[PDB]
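Values quoted throughout were computed directly from the atomic coordinates according to the rules given, and no laboratory measurement underlies them. Please note: Cβ atoms are built from the backbone with ideal geometry, for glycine as well, and neighbour counts cover all protein chains shown.
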Amino acid sequence: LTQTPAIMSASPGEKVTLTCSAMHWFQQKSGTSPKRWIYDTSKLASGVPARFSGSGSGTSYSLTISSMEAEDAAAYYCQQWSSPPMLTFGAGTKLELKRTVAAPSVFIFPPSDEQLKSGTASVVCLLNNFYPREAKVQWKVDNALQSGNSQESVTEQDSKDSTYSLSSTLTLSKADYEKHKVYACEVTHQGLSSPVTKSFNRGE
Amino acid sequence: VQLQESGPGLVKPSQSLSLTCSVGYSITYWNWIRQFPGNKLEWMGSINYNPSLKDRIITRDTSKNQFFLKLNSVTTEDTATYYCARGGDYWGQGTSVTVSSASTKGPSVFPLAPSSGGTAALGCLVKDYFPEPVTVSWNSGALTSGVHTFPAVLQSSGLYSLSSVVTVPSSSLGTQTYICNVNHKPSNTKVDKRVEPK
Amino acid sequence: XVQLXXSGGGXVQXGXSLXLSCXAXXXXXXXXXXXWXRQXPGXXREXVXXXXXXXXXXXXXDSXXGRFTXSXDXXXXXXXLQXXXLXXXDXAXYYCXXXXXXXXXXXXXXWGXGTXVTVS
Ligand SMILES: CC(=O)N[C@H]1[C@@H](OC[C@H](N)C(=O)O)O[C@H](CO[C@]2(C(=O)O)C[C@H](O)[C@@H](NC(C)=O)[C@H]([C@H](O)[C@H](O)CO)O2)[C@H](O)[C@@H]1O
């Protein structure tokens, strides 16, 4: 089962349709158990508001919201049973609340002396309160692009301003850290006409 | 109908993962379904199996109205949240199972100091701990606005690392003290790390 | 090879409308997001709006939300910015750019010449 789109951004009030290409539909909010939402293609489960509906047949099914509500933001998984006895889920579609474009605020943090005394340097790049979710973070050490030595994590959509935040950590040995001068993180986002670079010099 | 999962949340690799589900309705399909960190759902099996796992995978006991999952020779890829369910209409709460060789270790808390508009960012890096979770507060709970505590990442060392940041007015960097309070119960470690500008 | 040519700007009264267009040449614009930005003489280029690929919706800046609308014609390989309830604060050179990254990270490598919109 292939779900389209992977991520759906909708304003409160839009008609929204999630397609399952090849029906059962489950809703899941972050951290909670999946709940049966629309079973047998179009039957609404207990507690499901009337704005939800299901349609489709054969190789194409769809879940439809007449008027998007804020509480409808969640992951939606389609699930099928085949009788080779197999119970298969789809990759799920995230239905998020759309807001206005906000470019991230970029900050950089050099490693502390405490961590350097242990032989490791962690440089942290923060992208604060941006939307939409898509962005790109590139680590550059003396203009050399880093690869395979960073890890990032992203918060859930903020319940107040509907933005995302991203934290990226570049980890090096103290020796490799002292072998270079300029440490920078370069951020690209659709709200930016040109990439934003935040950098520092190791000695300063 | 109510289903509840129980069992250990930490199993060593190549050992056995055993989970019990207590079931409001009789057992005469009842499924085990897991969700990976990547949020992919996978049906494992049912008792009244998925070919991807049939070689190492479910029993039942009617005296206490429980059915059980047995997964042998676990690897780190088996780290997941496990749910028991009746068909697809009633799901359990789910239990997180971490498959790791790591041992309990408290975290190191390093400062992310603010330096050179009117908004500054600072925080704390909580690095090299095991297992999940840690909790982070700011100024003993007095500072919550602008706080972002990120999900932990699993490093190649097998230890977790996360960051907790907060944005503040720049003019407050000389007048307001900022302390992050990190708590890691499995190691009984508690750190109050002061973040001073550079 | 890619080239972008914007058109449709001009002198308009406060509270009226405009339909700016941008034509793409030497490459198809069907697999990439097209983004409108704008610049005042002594300022920097601020994002105005973005239209992703078809069925991937559009997004807008806060200063133009509800008043502006972005759309695409993949057949004519063109993008369009409809501007309603124009205020004098919208007076700028409007540029169009192509996001080269299919994952919508906005690798803005190709830009147009821009068209002057003055509202008075
Ligand atoms: C009232 C109600 O919700 N009825 C459902 C339910 O009916 C159950 C039936 N009366 C029974 O006790 O057997 O479920 C129906 C779906 O039934 C299947 C299916 O064919 O899809 C039976 C399969 O054997 C089962 N497979 C497994 C591995 O459990 C699947 C599966 O449970 C679901 O696909 C999970 O979502 O359900 C039908 O939905 C009725 O409306």
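For the stretch A:60-66, putting each phi into the Karplus relation 6.51 cos²θ - 1.76 cosθ + 1.60 with θ = phi - 60° gives couplings of 9, 10, 7, 10, 10, 10, 5 Hz, in residue order, rounded to whole numbers and with x for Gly and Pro.
Report summary: the helix-based calculation at 222 nm, which adds -39500 (n - 2.57) for every DSSP H run with n ≥ 4 and divides by the residues of the protein assembly as shown, gives -500 deg cm²/dmol. Farthest towards the positive end of the charge dipole of the stretch B:4-99, among the residues B:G24, B:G87, B:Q66, is the Cα of B:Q66, using unit charges on the Cβ of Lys, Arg, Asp and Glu. Taking each of A:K29/A:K136; A:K98/A:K136; B:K105/B:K190; A:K174/B:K190 in turn, the alpha-carbon distance tops 18 angstrom for A:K29/A:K136; A:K98/A:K136; A:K174/B:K190. Counting Cβ atoms of other protein chains within 10 Å of each Cβ in C:94-106 and taking the mean gives 3. Note on the protein assembly as shown: with charges restricted to the Cβ of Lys and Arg (+1) and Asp and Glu (-1), its dipole about the Cα centre is near 700 debye. Would you mind getting the Kirkwood hydrodynamic radius of chain C from its Cα pairs, rounded to one decimal in Å? Roughly 14.2 Å, rounded to one decimal. Seen from A:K35, the other residues with C-beta closer than 15 Å to its C-beta sum to a net charge of +1, counting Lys and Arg as +1 and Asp and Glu as -1. Overall size of the protein assembly as shown from C-alpha positions, given as principal axis extents largest first: 84, 63, 44 Å. Across peptide B:122-135, the average count of Cβ atoms from other chains found within 10 Å of a residue's Cβ is 2. Taking the DSSP bridge list for chain A and keeping only pairs wholly inside it, about 95 percent are antiparallel. Electrostatic tally near A:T197: other residues with Cβ closer than 11 Å to its Cβ, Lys and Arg +1, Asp and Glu -1, net +1. The stretch B:39-94 and the stretch C:73-100 have Cα centres separated by 54 Å. This model, with +1 at the C-beta of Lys and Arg and -1 at the C-beta of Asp and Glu, gives chain A a dipole about its Cα centre of some 260 debye. Ordering A:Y77, B:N188, A:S21 by Cα displacement along the dipole of the protein assembly as shown toward the positive end leaves B:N188 in first place; charges were set at the Cβ atoms of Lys, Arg (+1) and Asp, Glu (-1). For chain B, the spread of Cα coordinates along the three principal axes comes to 69, 33, 29 Å, biggest extent given first.
The value for the stretch B:4-99 of Rg(Cα) / (2.2 N^0.38 Å) is 1.01. Principal axis extents of the C-alpha atoms in the stretch B:108-194 (largest first, rounded to whole Å): 39, 24, 18. The Cα center of the stretch A:106-129 and the Cα center of the stretch A:46-97 differ in position by 42 Å. For the segment A:105-113, counting C-beta atoms of other chains within 10 Å of every residue's C-beta and taking the mean gives 6.
Antiparallel beta bridges, as assigned by DSSP with both residues in chain C, represent about 90 percent of the total such bridges. For the protein assembly as shown, the share of DSSP beta bridges that are antiparallel, to the nearest 5, is 95%. Report note on the peptides C:50-59, B:66-75: ranked by the mean count of other C-beta atoms within 10 Å, highest first, their order is C:50-59, B:66-75.
For the stretch C:103-120, putting each phi into the Karplus relation 6.51 cos²θ - 1.76 cosθ + 1.60 with θ = phi - 60° gives couplings of 8, 6, 7, 6, 7, 7, 9, 10, 10, x, 8, x, 10, 7, 10, 10, 10, 7 Hz, in residue order, rounded to whole numbers and with x for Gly and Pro. Among A:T163, B:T135, A:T169, a tally of other beta-carbon atoms within 10 Å of each Cβ gives an order, fewest to most, of B:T135, A:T163, A:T169. Cβ-Cβ distance of B:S14 and C:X44, R₀ of 60 Å, FRET efficiency by 1/(1 + (r/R0)^6): the value works out to about 0.55.
Residues in the stretch A:92-103 carry Karplus couplings, in order, of x, 10, 7, 9, 10, 7, 7, 9, 6, 5, 9, 5 Hz; the curve used is 6.51 cos²θ - 1.76 cosθ + 1.60 with θ = phi - 60°, and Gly or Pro positions show x. A straight chain from B:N65 to B:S116 at 0.36 nm per residue would run longer than the Cα-Cα distance by 12.1 nm.
Neighbour counts of other Cβ atoms within 10 Å put B:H148, A:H24 in the fewest-to-most order B:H148, A:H24. When both the stretch B:131-198 and the stretch B:1-31 are represented by their alpha-carbon centers, they are found 35 Å apart. Identify the residues of the stretch A:22-64 with backbone N under 19 Å of a label point that sits 7 angstrom from the Cα of A:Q80 along the Cα-to-Cβ direction, or state none. Hits in the stretch A:22-64 for A:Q80 at 19 Å: A:22-27, A:37-43, A:54-64. Dipole orientation for chain A: of the candidates A:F107, A:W37, A:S57, A:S57 has the Cα lying most toward the positive pole (charges on Cβ; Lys, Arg +1; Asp, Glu -1).
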